[PDB]
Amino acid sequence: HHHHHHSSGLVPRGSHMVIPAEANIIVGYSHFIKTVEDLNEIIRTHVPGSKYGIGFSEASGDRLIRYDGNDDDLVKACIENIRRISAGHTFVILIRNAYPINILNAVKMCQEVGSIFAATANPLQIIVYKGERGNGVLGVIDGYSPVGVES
């Protein structure tokens, strides 16, 4: 027996992500991860020298938004983004002052323990579906639609 509420379904206005100036964001789905420390560690060697924040949506147990980082503004943005999405096992990473290869490697490392929804510096909107127990991430709007074809 399952419970249905008419309030469930695609959330009309996608959730806009808070991306502080010059920050790069990574939004993904964790695989069998129970703590944000796993993410904090797997990307630790790639974020040295840079400022970063990590947010993780614990999907059971305490069901708390978990976080780590070395920059208050980035950490707060990650927490807010996780709150807006409100979907179990979602993780959000924000990195600033990092070279291109470090950002790319951070993403590759996340792919070892999860799936990627977004990885960009562009304005970003997360399309979410509101279900019974919580939400689910259906996709993202990364930047804009094309305006033409290159010559």
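Don't overthink the numbering: it's just position in the shown sequence, from 1.
Colleague: According to the deposited model, is the average Cα temperature factor higher in 104-112 or in 52-60?
Modeller: Looking at the record's C-alpha B-factors, the answer is 104-112.
Colleague: Looking at the entry, does 21-29 or 8-16 show the higher mean C-alpha B-factor?
Modeller: Here the higher of the two C-alpha B-factor means belongs to 8-16.
Colleague: Based on the PDB record, which member of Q125, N40, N122, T90 exhibits the highest Cα temperature factor?
Modeller: In this record, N40 carries the highest C-alpha B-factor of the candidates.
Colleague: Considering only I85, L94, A118, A98, which residue's Cα atom bears the greatest B-factor as recorded?
Modeller: Spelled out: the listed residue with the top C-alpha B-factor is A98.
Colleague: Classify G131 as lowest, middle or highest third according to the C-alpha B-factor given in the PDB entry, relative to its own chain.
Modeller: For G131, the deposited C-alpha B-factor lands in the highest third.
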